[PDB]
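Written out below as structure tokens is the structure these notes cover.
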Amino acid sequence: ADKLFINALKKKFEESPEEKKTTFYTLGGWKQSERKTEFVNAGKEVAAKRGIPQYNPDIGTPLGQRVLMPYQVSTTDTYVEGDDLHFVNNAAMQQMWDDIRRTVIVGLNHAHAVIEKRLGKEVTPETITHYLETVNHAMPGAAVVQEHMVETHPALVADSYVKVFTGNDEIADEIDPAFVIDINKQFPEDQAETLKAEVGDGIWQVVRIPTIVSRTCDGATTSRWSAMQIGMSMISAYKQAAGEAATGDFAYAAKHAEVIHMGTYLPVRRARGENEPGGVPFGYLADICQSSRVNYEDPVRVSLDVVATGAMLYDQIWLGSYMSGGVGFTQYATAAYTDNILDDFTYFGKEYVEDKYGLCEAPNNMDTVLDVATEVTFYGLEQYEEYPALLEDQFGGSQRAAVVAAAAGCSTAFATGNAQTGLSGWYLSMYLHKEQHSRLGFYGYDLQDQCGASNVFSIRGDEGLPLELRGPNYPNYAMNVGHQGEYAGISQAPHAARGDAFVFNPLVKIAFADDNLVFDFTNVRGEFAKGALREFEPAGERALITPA
Amino acid sequence: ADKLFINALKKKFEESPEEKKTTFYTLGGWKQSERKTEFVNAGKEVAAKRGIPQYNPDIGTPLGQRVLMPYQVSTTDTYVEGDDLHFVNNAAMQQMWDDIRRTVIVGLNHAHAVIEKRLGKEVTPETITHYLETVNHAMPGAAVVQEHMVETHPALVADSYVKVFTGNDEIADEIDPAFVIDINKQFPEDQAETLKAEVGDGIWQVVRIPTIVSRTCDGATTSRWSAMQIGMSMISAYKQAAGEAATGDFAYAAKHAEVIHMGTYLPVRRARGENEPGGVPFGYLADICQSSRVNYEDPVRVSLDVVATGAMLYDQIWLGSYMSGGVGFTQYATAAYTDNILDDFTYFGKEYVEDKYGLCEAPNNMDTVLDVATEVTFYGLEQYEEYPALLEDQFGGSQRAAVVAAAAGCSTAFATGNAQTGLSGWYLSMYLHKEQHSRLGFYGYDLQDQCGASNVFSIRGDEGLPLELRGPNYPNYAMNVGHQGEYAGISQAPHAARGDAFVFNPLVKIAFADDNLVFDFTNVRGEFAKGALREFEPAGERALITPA
Amino acid sequence: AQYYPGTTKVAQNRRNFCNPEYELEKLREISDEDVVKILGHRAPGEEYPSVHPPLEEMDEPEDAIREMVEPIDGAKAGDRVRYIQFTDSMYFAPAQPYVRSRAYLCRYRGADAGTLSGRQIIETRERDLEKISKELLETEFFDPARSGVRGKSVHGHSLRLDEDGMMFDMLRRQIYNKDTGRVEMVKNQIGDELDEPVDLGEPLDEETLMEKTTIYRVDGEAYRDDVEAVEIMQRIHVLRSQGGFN
Amino acid sequence: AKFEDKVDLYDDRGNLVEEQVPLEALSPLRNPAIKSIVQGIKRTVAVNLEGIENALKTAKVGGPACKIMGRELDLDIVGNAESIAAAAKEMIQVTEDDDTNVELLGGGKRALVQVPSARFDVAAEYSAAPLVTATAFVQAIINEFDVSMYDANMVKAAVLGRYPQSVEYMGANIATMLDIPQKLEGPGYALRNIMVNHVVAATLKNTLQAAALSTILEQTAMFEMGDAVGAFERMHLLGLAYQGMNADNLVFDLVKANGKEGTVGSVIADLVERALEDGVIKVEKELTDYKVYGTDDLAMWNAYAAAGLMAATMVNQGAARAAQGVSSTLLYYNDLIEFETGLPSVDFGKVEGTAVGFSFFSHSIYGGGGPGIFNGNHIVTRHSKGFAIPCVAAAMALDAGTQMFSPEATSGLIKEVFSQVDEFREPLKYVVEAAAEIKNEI
Amino acid sequence: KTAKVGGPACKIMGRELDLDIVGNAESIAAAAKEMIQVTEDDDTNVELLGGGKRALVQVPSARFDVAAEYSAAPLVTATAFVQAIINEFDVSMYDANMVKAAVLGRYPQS
Ligand code: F43
Ligand SMILES: C[C@@H](OP(=O)(O)O)[C@H](NC(=O)CCCCCCS)C(=O)O
Ligand SMILES: O=S(=O)(O)CCS
Ligand SMILES: O=S(=O)(O)CCS
Ligand SMILES: [Mg+2]
Ligand SMILES: [Mg+2]
Ligand SMILES: [Mg+2]
Ligand SMILES: [Mg+2]
Ligand SMILES: [Mg+2]
Ligand SMILES: [Mg+2]
Ligand SMILES: [Mg+2]
Ligand SMILES: [Zn+2]
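Chains as they are written, first to last, in PDB author numbering: chain A, 2 to 549; chain D, 2 to 549; chain F, 2 to 247; chain E, 2 to 443; chain B, 58 to 167.
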């Protein structure tokens, strides 16, 4: 059958994708593009309005001496210019990040113990449901105890709420389903079994604070906001004095002893509090993505939906804005989620492994790394040599490095069932690619790559860690594009081939299984397309409080 | 003339402001309020659409057993319910913080030295203008060198630009005036000569990144995004190789050697990067406020505009959201910028000092602190005792403590011309207030207050600092409402009485003298009222990229 | 002990509340059962719940401090720590917030007192809290119009009185009866209805409020005219200032 | 001697040990026992061998609720503890007869480790203790079982957690009384970031010993911060002696006189009477039926008032056998004593202010928690320069079981290991002995 | 002398203090050394350089054998110089906080 990227290549260029030569310089520069024309016209209107020159196509070099391509968002039939995938221009991408940033998981297990022991009061499904009505009034920023409080406008904060989950079906089935993330409904039976056994009789809140507040403030706001309104709702629903010594145990539990942040804080050169992208480990990012519970018959689709989630968040918003900015890193990321290119390469590797070893049945060793990662690396590179249109599409060497090594690392992990030999296969891919073409990525691309082999299996203080625990703050990884989201894919790959319900944290997996999110985490690439088409409706806007 | 709060008190209550008795429980609870009625209807609509209960006026206790008051925004004739002053519901308050978070001051002194000495090229006003045209194309997120770049939509980033300023008039006037903050146009003559003398021949950029990016990301993004696009524009405008060794000197200069952040980063318990509210020292907040260059004839007006700036940012957004959240701290802050109350007390103290000493003529010593702070404390407290409507308006002791002590500390600093004795007067005010009424603030209000006297003049490592250099991270101040914005007013007070152009950093003062900002920093209380009326137009919205 | 400087009635009243040798005037009789109901922590005839086992069951190591310090009776038993909280009107209630915490730590053992503008609280072992609470409710610490027993929703210290002379209470826990002139407690301190109300006696008249109040005000005794009390506050300020420097 | 002051030192039963000891013999800068305590707390690690084994068997590594399915490793670590510990010791020590200690506890489930002092004399800070211990035990476990290159990174995760993705050793199965250098509120604060519950657990809830260990750590931090340099040095040394070392038996004797029926206010009256009797204060002025007291030695008045404050905490929270009211004692002891006397309270108002925020953040929704989770580096309790947190330690030593976040809940690993160490467990004893020993060298 | 304290471009108008610190370097250094040292004749070194414009300071090693880390060097040094400057000129309580800011900067706000 046609390689999976042929349809996109045929959409992009007049020539067939095998053709070796073309014509350039005849497209009228930016004038070939609907989006660039929109931008030129908007630039003139902005500069007049404000009295300062702004976007101008004649400053600097003239874009569009070649074709300015459309991109197919992989797994869709949506084709857009790449500017519609820039996170600034895509409200789905911004909301994906807000939905992670404004979430925190907060136990009720210490809290219910404080109620039973210090206060000497009972906790039941009834009292939990009362508490949940109370906290769902309070969490978006409304009052429950004091007179003369002034509150948030409910429609500005309509995306904030609190749900719960528990592995105890007796309690879960009894609460108003309005407040419950129901594991049995959300997950297929095998996975639900696993998840309920991990959670047991623990009861956990999934708290989402308002998008408008997360945008005004920062990620480190989330757990504090959550704990203040849990605290008020504990006082109101359990009839404490409104501020007695036991009130402090609820605060310590909700802020520290039973909180799960999405991200941990960062070192000072890249100082950031909790719930910022750099603090989100790769295992959590794979668990936030909800492809695992929908597409579990297809480990490739689960793994590459994780890669899309991570490439966009880690490269476009994190490295391309928080850690840099400007035009940024759209296409360093879109190479991993468009034109079905990574999908072609990764399905080849899955096929290879399934036929040779069977999924998860290869020895977990260097022999398997050398076999699978070399075979898949040579397949991906041969596609760029056989399809000149594919090479002109993924024109930057970094893009190609990330894509070919993601397919090689994911396939290696589909063979071994272990992410660490997956990661070794990523690095070997890079070394083979560098020798094959006498280039790899950008000037700084392979800092991590050359440290890579030696740190995959190290055990030393700031070197040794299973891949699932690594993230954008692992030292070698802290700077460079074209790695982090692919590593989240490698982290997902062995667990998707094994059929595991989660990669690193079962609470995080359950906490995103919720259709009351604004972004649909089951279909990340579909959402990116919807945002690119200007059809996604984000939360957080101020239109209600601004003039017509 | 009547005390300045009398009109507000007659608007709020049917009784005369002196009347000791009223009627409660007859107003129908929330049904007396237009805004609560809007909230009850919106909560029904939000809960029905999303299938989770939300705002419910029957949760917890019934608001409005007493009058739910309007507030006059001081210095205006706008009266609004306090919910319209909550930062979530007030787009002017959100934009004020966005405009600070997204600004960074970046020298061209080291940069121009790199160009002349290392690249061996000349800098003149003409090459500076050409660099400014280039960076105003690139700063909002558009390309100048590479082919096949995808860019931000110019209309989503219309608020991002770069201007410059210099103290050399003849050089300022040679650069294209579209890009220049003109010191002589913006400041009255004496302040303009002071500021130009501080700057000298130095040349500085004021860089504002897009509000939509700042809201997506964080404050620590601002100096990075700035430097990326400065770097691209130095490549394009001075004809560098696009990435050579000298490129890294422009990066280090723009990111470290000649950057001035609005806020410094925070320690780990309250981890945050740069350009977050807790890092903004009080002297910078007084300098950001532009009342000094417009209302310089009236040092009370200048000082209390800075109090409004700071009470909103530091108590509502910073302490009431970044550091807590929920319903938060609206009226802890509104007490300092509504009903002309703090204005009445502070004009009393300014006239007292004029009559007894003369502004800035009192000895800078403890005698002056004891005289002025005691006299002004008792005046303020007597007003709450004479006017039961005033006491019922500022019903929380913390609100009274902050208002009475701000008037006492600003008046002491108007007498001595020195902010340190102003700060001693603030603490003495709290100690007298506590003994007069046998109460002060909330449970934790006077942690800094009791450490206060001893730490005013300490010189020890984490104790001793002039007030202008303190901020929300000064250890004793790091937690509590009702102090930080008032301290920024006391830091402004002696400088407004002296006629000084700035309080702590002349570059920050100039950097906000710019009508291209979205928020008008010359009239902070006017803007708060505009936002309360839903008449402010913020930047950063996603309407262009979302369904009609 | 001296307790407090000043030469006003307010100052003397602040000293009398602190001084455990001053006999607080008793103004009203309340039954043990009704103190329990107003506290709201346990029902009539309910055994004291425990937070830990009795001290004698614990077999602790030798500790000279613990051996010297006699535990209050509720600590010997392992009782929960519970609370009672009061709000005092700025219109001349007899006790006020810092007056209460200062007095409590001179009069009562094993006490965690907290002061705020609108509420003041003590937390201690439950059977001991019921004995202290009787005294806080029956004596001139309390007036049933200008002071309120309130575990939540405390607003009113700074509000105008109603036409009966009663402080505002969002939850109306204390009701004056227009025809009879007595206040009744109709809800416990957290706002739940009592099966039967508790009579709290007559509000003190204006003269008696002025005799007994501990707040300074321009329309009562002004703090600024109690020049000796102001001198000591100013002294403290100046001595803390100099000591923090050198 | 720079200072002429002498103090009498007692044991924790109120018996005299040594009379007329020069003040500086108690200085952290001179006293060898405080040196050994501080170098001990830098170098001592608790290793939870059972916890490492369990984390590996379940693959629950990297922090709360985290697990990697498929990564389980079943290793008989506790059954081979002796061998593992000896091999870790060979990598930990510098030479074979140095002061490295590696001692199994709990049948091999735990190990006390003391990394040799000499590693610290060539180090900037104190992180060599957890980092040298962690790698020596990771390597010893790998070498005991010949764990493969493909699996060994799980042993690393079970010992040290999610570091370096996390800044902290998140999910680690080792523990120290110190916390990482990045968590300091300011430079010089590391001896202040020691949970109160860890001090109370190391000293087995002996009230005087908990107050002494806390004081020694807090006032030693005051030296490292520069607070006790120059003008302030004597004030800090006298606070250490009188508030934390029971100098002149002042704390002890106050508690004895007030323990049966006393209150915060009775202890104040007794301390004011003792300060007057000793000449530390005198009447300066008579107002109307009110004596205004003065002092010509503010550091000694501060110290006497600090001893009274510790006694008042012991009386107040000792009578309740409940620690929570320490925040109120710290507040109103100081607020009452200033209106009782006309003199400034302990630390010139900064204990009182620490207590206002500590009271709020131990009885509200906004943060903090119960007394035992605070420390001198906590934002709420850092403000007084050593004169508040030792009272919190005494109060938690006297708590009979009212806390959810008690030392049993937060500090059990610390307790098993660090209470083995005599100088950590009974520091009052060792510091007084060392002071008596160097008495004639000051 | 310029009131330029607290970081790049920062100044507090009205706070200037004109103190002849370099002309009195020897006395200031000696007074700082007496606070820095633990004992007389220990390993504390305070040596003037550049005719009193600079001082090399080596804080005694014993202060580090009773410290967790190394911040006692700048902290003990800064406070001994702040106090020796204040004591050399009899700087008042009202003004001394500017000496502190000129030595150690915007800490602890930064
Ligand atoms: C539950 C606490 C304890 C705690 O940790 N925080 C609370 C409650 C909290 C909630 C109340 C929202 C609600 O009703 O659901 C919020 C809004 C913080 C949040 N979570 O959003 C808040 N206080 Ni409080 N809090 C306030 C205040 C106060 C004053 C109110 C005194 C009075 O007589 O009314 C007193 C402290 C004092 O006595 O000095 C106070 C207490 C308290 N404060 C008592 C509840 C008092 C009661 O039972 O009525 N706040 C104030 O004094 C004014 C500003 C006001 C804040 C809201 C705003 O700024 O608009 C609010 C700030
Ligand atoms: C104390 C500390 O909380 P923790 O004890 O660390 O949970 C801190 N919060 C605060 O300071 C709350 C400040 C604003 C709320 C109270 C205003 S009076 C913080 O979250 O970092
Ligand atoms: O040219 S560089 O490799 O320095 C940067 C690529 S975006
Ligand atoms: O009641 S508390 O002082 O704890 C909180 C006031 S918002
Ligand atoms: Mg049902
Ligand atoms: Mg949906
Ligand atoms: Mg949708
Ligand atoms: Mg007069
Ligand atoms: Mg304008
Ligand atoms: Mg009776
Ligand atoms: Mg006499
Ligand atoms: Zn943001």
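Think of the CB as a built atom: it goes at the ideal place given N, C-alpha and C, for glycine as much as any other residue.
Query                                                                                                                     : Result
Range of the contiguous alpha helix (DSSP H) that encloses E/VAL39                                                        : 33-44
Length of the line joining the Cα atoms of E/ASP12 and F/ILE66                                                            : 12 Å
Cutoff 9 Å: B/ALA153 Cβ touching any chain F Cβ                                                                           : yes
C-beta neighbour in chain A for E/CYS67, strict 9 Å                                                                       : yes
Same chain, Cβ closer than 7 Å to residue 273 of chain F, neighbours up to 5 away in sequence not counted                 : Given a span of 2 to 247 for chain F in the structure shown, any question on residue 273 of chain F remains unanswerable.
Sequence ranges, alpha helix (DSSP H) only - wholly within the segment 123-154 of chain F, length at least 4              : 127-139
Cα-Cα separation between D/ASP59 and A/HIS131, rounded to whole angstroms                                                 : 12 Å
C-alpha distance - F/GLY221 paired with D/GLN437, whole-angstrom precision                                                : 12 Å
Beta-carbon proximity list for F/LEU205, same chain, < 6 Å, skipping 5 on both sides                                      : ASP144
Supposed contact pair A/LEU10 and A/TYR380 - C-beta distance, whole angstroms, cut 8 Å                                    : The Cβ separation is near 17 Å, so there is no contact.
D/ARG273 versus E/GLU145 - alpha carbon distance                                                                          : 43 Å
Per-residue burial, A/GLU528 [other beta carbons within 10 Å of its own, 16 or more giving buried]                        : buried
Meets three-Cβ-pair contact criterion under 8 Å: the segment 244-253 of chain A and the segment 93-103 of chain A         : no
Closer than 8 Å: E/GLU287 CB and nearest ligand 11 heavy atom                                                             : yes
Contacts of residue 1 of chain D in chain B (Cβ-Cβ under 7 Å)                                                             : Since the first residue shown for chain D is 2 and the last is 549, residue 1 of chain D is missing from the structure and cannot be characterised.
Cross-strand partners of D/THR339 (DSSP beta bridge)                                                                      : D/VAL74
Residues of its chain near B/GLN115, where Cβ-Cβ distance is below 6 Å and the 5 sequence neighbours each way are ignored : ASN102
Residues within the segment 216-236 of chain A neighbouring chain F, beta-carbon criterion of under 9 Å                   : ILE236
Nearest-angstrom Cα separation, counted from A/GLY220 out to A/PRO278                                                     : 9 Å
beta-carbon A/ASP450 near ligand 9 non-hydrogen atom, thresh 8 Å                                                          : no
Any non-hydrogen atom of ligand 1 closer than 8 Å to A/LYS256 Cβ                                                          : no
Selection from F/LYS135, F/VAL100 and F/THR209 that minimises the alpha carbon distance to F/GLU34                        : F/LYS135
heavy atom of ligand 12 below 8 Å from A/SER215 C-beta                                                                    : yes
Alpha-carbon spacing of A/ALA479 relative to E/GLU91, whole angstroms                                                     : 35 Å
Pocket of ligand 4 (residues with CB nearer than 6 Å to any heavy atom), chain order                                      : A/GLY244, D/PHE443, D/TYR444, D/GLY445, F/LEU117, E/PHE361 and E/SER365
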